[PDB]
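Student: only geometry, no sequence info:
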Ligand SMILES: Nc1nc2c(ncn2[C@@H]2O[C@H](COP(=O)(O)OP(=O)(O)OP(=O)(O)O)[C@@H](O)[C@H]2O)c(=O)[nH]1
Ligand SMILES: Nc1ncnc2c1ncn2[C@@H]1O[C@H](COP(=O)(O)OP(=O)(O)CP(=O)(O)O)[C@@H](O)[C@H]1O
Ligand SMILES: Nc1nc2c(ncn2[C@@H]2O[C@H](COP(=O)(O)OP(=O)(O)O)[C@@H](O)[C@H]2O)c(=O)[nH]1
Ligand SMILES: O=C(Nc1ccccc1)Nc1cccnc1
Ligand SMILES: [Ca+2]
Ligand SMILES: [Ca+2]
Ligand SMILES: [Ca+2]
Ligand SMILES: [Mg+2]
Ligand SMILES: [Mg+2]
Ligand SMILES: [Mg+2]
């Protein structure tokens, strides 16, 4: 058994971290007080769930997590929330004034003064690991902390844990749930300085989560709680292989081996189905073929884009619940003859399939309904480059007038870091085009 | 605990600041004695932003009253909420400023500024994490204008990395006390260009026209004008005083694309005349809020373009219906919004409405139309300066004509800077 | 008030649609780079589809189907017909075609020569035509040596397809012609055929013993108006419309345009658009697409219809601009953005 | 349509289906970037104070 340390940076990372560990506990049968009746090895054990949880002598199962935010209001919720008992104070770090949505502020001005403290706390969790695999970093693109401080923490982690994998769960900015105008700046700045330090990044576009909540859950104006409970479901599906017995994606290295053949193109597309409203009278349960077919509908993708006009480099099917291989293969054959699925010529046209028999766990009183079987598809399409294009265009609109640049220069950043980071994105968009377009 | 230190200087500044504390004190449930008597926890959630908590659960505003004559602040102390202000926080002289910027900035004001900074330092020292400062004042007089901008220059020296925010009443010939107001306003505007992050422009002519043509007040008084400023000040600071899904520096980061163009046009809705009981719909609230007649900078927004817009909706209402009407105004008049700042129109909701209103809307615009205001002041300034009319009041205080020529050029620069971004 | 942008100043079709949109008083035009739009009359090449459908509260519509180039490219259409089971390689309405890359660059050279040698040996007519999308650049010849040697002198992909040696000739004149059909596909993927077509006729007698002078072989409106000396002789602008053409088919052939030709054209149009529907449909997309197509057909002396090509940015005959452009506003734009007959189209029902 | 590497356990199973075959900055350097930006902040603040002293 090898440990995984999760790190939550900024408001988005912390609140999404709060929602994930809530789910992890319900899934592994851990109570809010950290007790786990099913764990017969008290105060120890090298089980699959131990990759995410340590054990005290008293039988408490403590998440291998660190929460970092430059302002305390969000992390104070964790301290006084339902699962306050899970964590201890060392795991929660809070400053006193945030980065004001200013990448330069989170990375340089404030980051320089708090980086060594975060590393100290992370080292404390590492010292409990007999064989640390690496880190999972949850953060937003638009926040000054999520963008600015995350990219600094990723630079140092590569120094302090050179041989460790680093996966990201990143929140792509969406105007419908944002009041910041400079988020395109922050996103591109943090993608530039984090690109060579992240081995695999799962982007979630709030716009996608927003419409899924209105369309499938019938929520006219979704809140961050609605968004996070749905996001933690996808995160759970992605990290399930690390916390449960299995043979596919059993450690962080396998994520890059199975999903990222070319290093810079490490942004798999996530597609989840089904999302059914719990308020429904009662829904007809979808079959293996039906939910599998749903993985090629834009409506269920974590980033709205058109994979029909891209090329796949890899493709994983993660099933949870009542699923058997005979049905997966049958549905797969039916989808090829009906869908536009074009792989690159230097990759095999195949699907790696994982099946966990335990169906999805839903938070009591939440919005999602209990389903008998669900699936999350992780595919690496060039079509996700549509997301970089959108973001790079918004960047160009403001930067042509130098709008808001003084806020960044004022925190000690050089203006040339903008153009440097923008050319990197321009090169990243050219990489996708070379691989996907003829 | 993101505390704000409040300062009000001069006649206009202390009278408007007084009503402001009266308005928000009612919203937070603080009575004139500083005792809480509300019925919702939302009233106390962000109470420490503007109020200090004293012994016996008392709440004392974090405000410093400043003037060069005792008159106005005597009225404040005798006012309804006068007893709520810290007696120590009253700092005043006896000489007066004679509506003279030079007296407030160089002579009379300089003799008193250090004692004001002693009170400011005291209030900041007891802040867990001070956001920044907000100043209420007029630009047309002597104390709020001259000494007010002197205080800002000295506060930025001691707190260089804090946000400096002002509510600045701009003079108008239609609501005028003396003919030298364009002199004092031009001199102050340059100070604000340099030493403020956000300045809320409030034109006394807009307030007058709104009281006359809209509110239907035959003969508006200063009291009437201040009721509008009180309402507007409460609306713009709603983001700070109540819990919502924002700090001064974050507001500045999203409202100010260029350091010098940080002058905002506020707006309020409804503005009803005593048909006052009729429920106001979200479309109506939005249509008025963006209407020029509802704006308080006395500038037609359809003459320039919006760099950024921030709207705050208060009361129990359909947030889905709010997004639909906001997205309708942008998508129905996108010619007045610059197209090189994507999503430059933001909207926020607050569940607590103002006193006596089912729901209201406050408008904060960073519009290039604000240049028309500075243009008026500049013309009125040059009309006199070209003849050196009334300069002896200022040269007798130690000022030189050169300082006037530079203020004239500095403001004309500012107008040209707004002009380039309007095309 | 709806808003739209114009990003193709050279489109004669949507120049009229934009003129009509503004004439309704309910459509406002924005600068070509303003993102807050409902309708985009986009550019031809490199249209940024990825930036559509991401504006909160805006329903956005574009006049091009992403991926329709598979149908509107010379070599793309050939590869599509030969690789798509719905069309099959044995497609009876598409001339035998081959994709040939110049030797200075898969390629179907050997496959072409095999079928070419078979015809040469079987005494059969072996006249092919080499063309490409990079032309105004066409060569007609019965020798494969000249066809291939002509492509190598160029630097872009070409297509060699069988030349219709027995075309239907209009009388008097003994002259060739093609048929242009305008087709509109809306956001719901209804296939509407414009009731009005145009025959672009050659004003020169068809000569089967001299493919060197291509004036009587190429019915292009620009070739006839530049190198033909009988332009405008039999019909104005070498453009015979359906009313006249149908009357001719009755007096001469004792048949109608609907029976002898139009049924095959409607069948061809459905087969082509139904084939790529799963690849370009915007049914479940965050934005919506519609597009006008120009299908070009040939008719042989057996009254059998053949598909020549499909145009993705077609123009329209002068006499039909007002009717068709208004029709585009009705079923393609107002159906998504309604305003405050006897349709001019022919709905080709199909299974989605 | 081939299935390879079928792994079964008590809590699930995994396999691979094939449809068609194919055809850093050091710690020293990070500190320099951080301190360089801190120096540019100090210089700008000095000029501001220099301006205010005048
Ligand atoms: N899905 C989701 N998105 C969030 C959440 N909180 C914030 N965001 C998004 O994150 C972006 C804003 O960045 P934040 O994470 O709030 O900022 P930060 O990381 O705390 O950094 P600061 O500027 O110092 O506050 C916006 O696009 C929000 O929509 C959340 O709880 N869930
Ligand atoms: N296989 C074939 N047999 C007979 N004639 C052919 C032919 N291929 C092309 N032509 C002739 O060429 C003309 C059109 O050529 P083509 O359409 O390939 O070029 P083009 O695309 O520049 C014209 P357009 O785009 O307007 O249809 C027609 O008038 C037709 O008579
Ligand atoms: N809105 C408003 N404006 C005022 C008020 N009192 C004065 N003014 C304006 O302020 C300017 C005079 O400044 P004043 O405050 O009297 O000077 P000071 O006391 O020396 O700072 C003139 O333009 C007046 O119109 C007031 O109560 N409300
Ligand atoms: O006429 C005066 N100033 C002036 C005139 C024209 C232009 C510029 C300045 N000053 C004056 C007049 C009478 C008594 N004292 C002073
Ligand atoms: Ca154990
Ligand atoms: Ca590394
Ligand atoms: Ca004195
Ligand atoms: Mg934050
Ligand atoms: Mg006065
Ligand atoms: Mg063509």
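Tutor: Done, it's in. Numbering: from 1, shown residues only, chains lettered A, B, ... in the order given. Ligands and ions are numbered 1, 2, ... in the order given.
Student: can you name the residue of chain D nearest to chain A?
Tutor: residue D:37 (3.1 Å; C-beta to the nearest C-beta). The C-beta positions use only the backbone N, C-alpha and C, and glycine is treated the same way.
Student: ok, now which ones touch the residue nearest to the spatial centre of chain D?
Tutor: Centre of chain D computed as the mean C-alpha position; nearest residue by C-alpha atoms, centre = their mean is residue D:24, 10.7 Å away. Contacts for residue D:24 (C-beta atoms under 8 Å, 6 or more residues apart in numbering or on different chains) come out as A:155, A:158-159, A:162, A:196-197.
Student: can you tell me which of the residues you listed is nearest residue B:366?
Tutor: Each of the contacts of residue D:24 was scored against residue B:366 by C-beta to C-beta, and residue A:155 proved nearest at 35.4 Å.
Student: quick one, phi/psi of the closest one?
Tutor: Main-chain torsions, residue A:155, degrees, to the nearest 10: phi -70, psi -40.
Student: name the nearest residue to it, ignoring sequence neighbours.
Tutor: residue D:30 (5.6 Å; C-beta to C-beta, 6 or more residues apart in numbering or on different chains).
Student: sticking with the one you found, tell me its helix or strand.
Tutor: helix D:27-53 (DSSP states H and E).
Student: just the closest of the contacts of residue D:24 to ligand 8, please.
Tutor: Of all the contacts of residue D:24, ligand 8 sits closest to residue A:155, with 20.9 Å by C-beta to the ion.
Student: was I right to think that closest one contacts residue A:197?
Tutor: Yes - in this structure, residue A:155 is within contact of residue A:197 by C-beta atoms under 8 Å, at 6.1 Å.
Student: out of those two, which sits in the busier spot?
Tutor: residue A:155 (23 against 20; other C-beta atoms under 10 Å in any protein chain shown).
Student: show me which residues of the stretch 51-200 of chain B are close to chain A?
Tutor: Proximity of the stretch 51-200 of chain B to chain A (C-beta under 8 Å from any C-beta of the partner chain) is limited to residues B:128-129, B:131.
Student: make it 7 Å
Tutor: Contact residues (C-beta under 7 Å from any C-beta of the partner chain) of the stretch 51-200 of chain B with chain A: residue B:129.
Student: show me where the stretch 51-200 of chain B has its strands.
Tutor: Remark: strands assigned in the stretch 51-200 of chain B by DSSP state E, counting those that start in this stretch are B:51-54, B:58-61, B:63-67, B:90-92, B:129-138, B:163-170, B:198-203.
Student: now the ones you listed as TSV including mean neighbour count?
Tutor: TSV is the format used below for those (neighbours: other C-beta atoms under 10 Å in any protein chain shown):
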stretch	mean neighbour count
strand B:51-54	17
strand B:58-61	19
strand B:63-67	27
strand B:90-92	20
strand B:129-138	25
strand B:163-170	26
strand B:198-203	25
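Student: as JSON lines, those with distance to ligand 2 would be great.
Tutor: Formatted as JSON lines, the strands of the stretch 51-200 of chain B follow (distance: least, C-beta to the nearest ligand atom, whole Å):
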{"stretch": "strand B:51-54", "distance to ligand 2": "76"}
{"stretch": "strand B:58-61", "distance to ligand 2": "78"}
{"stretch": "strand B:63-67", "distance to ligand 2": "77"}
{"stretch": "strand B:90-92", "distance to ligand 2": "84"}
{"stretch": "strand B:129-138", "distance to ligand 2": "66"}
{"stretch": "strand B:163-170", "distance to ligand 2": "63"}
{"stretch": "strand B:198-203", "distance to ligand 2": "60"}
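Student: out of those, which gets nearest to ligand 3?
Tutor: When the strands of the stretch 51-200 of chain B are compared by C-beta to the nearest ligand atom, strand B:129-138 sits nearest ligand 3, at 3.2 Å.
Student: check whether the closest one contacts ligand 1.
Tutor: No - shown here: strand B:129-138 not in contact with ligand 1 (C-beta under 6 Å from any ligand atom), separated by at least 13.3 Å.
Student: how big is the angle separating that strand from strand B:198-203?
Tutor: Interaxial angle of strand B:129-138 relative to strand B:198-203 (axes from the mean of the first three to the mean of the last three C-alpha atoms, to 10 degrees): 20 degrees.
Student: which strands border strand B:129-138, and is each parallel or antiparallel?
Tutor: strand B:2-9 (parallel), strand B:163-170 (parallel) (DSSP bridges).
Student: how many other residues sit next to residue B:227?
Tutor: Counted with other C-beta under 10 Å, residue B:227 comes out at 18.
Student: same deal with the one 10 residues further on?
Tutor: As a burial measure, residue B:237 scores 22 neighbours (other C-beta under 10 Å).
Student: ok, residue C:271 - contacts?
Tutor: C:86-87 (C-beta atoms under 7 Å, 6 or more residues apart in numbering or on different chains).
Student: buried ones in the host helix or strand of it?
Tutor: Secondary structure from DSSP H and E places residue C:271 in helix C:263-280. Within helix C:263-280, the residues that count as buried by 16 or more other C-beta atoms under 10 Å in any protein chain shown are C:264-266, C:268-277, C:279-280.
Student: these: which ones sit near ligand 2?
Tutor: Among the buried residues of helix C:263-280, no residue is within reach of ligand 2 (C-beta under 6 Å from any ligand atom).
Student: from those residues, which is closest to residue A:4?
Tutor: residue C:279 (40.2 Å).
Student: so residue C:256 versus residue C:247, what's the distance?
Tutor: Distance, residue C:256 to residue C:247, by C-beta to C-beta, to the nearest Å: 10 Å.
Student: likewise residue B:14?
Tutor: To residue C:247, residue B:14 is 93 Å away according to C-beta to C-beta.
Student: more crowded one of these two?
Tutor: residue B:14 (26 against 12).
Student: so the more buried one sits in a strand?
Tutor: No - per DSSP: H, G, I helix; E, B strand; the rest coil, residue B:14 lies outside any strand segment and is helix.
Student: wait, it sits on residue B:65?
Tutor: Yes - contact criterion C-beta atoms under 7 Å: residue B:14 and residue B:65 qualify, at 5.8 Å.
Student: common neighbours of the two, please.
Tutor: Joint contacts of residue B:14 and residue B:65 (C-beta under 7 Å, 6+ apart) are B:8, B:73, B:76.
Student: next one: the spatially closest residue to residue B:89 that is not a sequence neighbour from residue C:222, what distance?
Tutor: For residue B:89, ignoring the flanking residues on the chain, the nearest one in space by C-beta to C-beta, 6+ apart is residue B:64 at 4.9 Å. Distance of residue B:64 to residue C:222, computed by C-beta to C-beta: 82 Å.
Student: much appreciated, bye for now.
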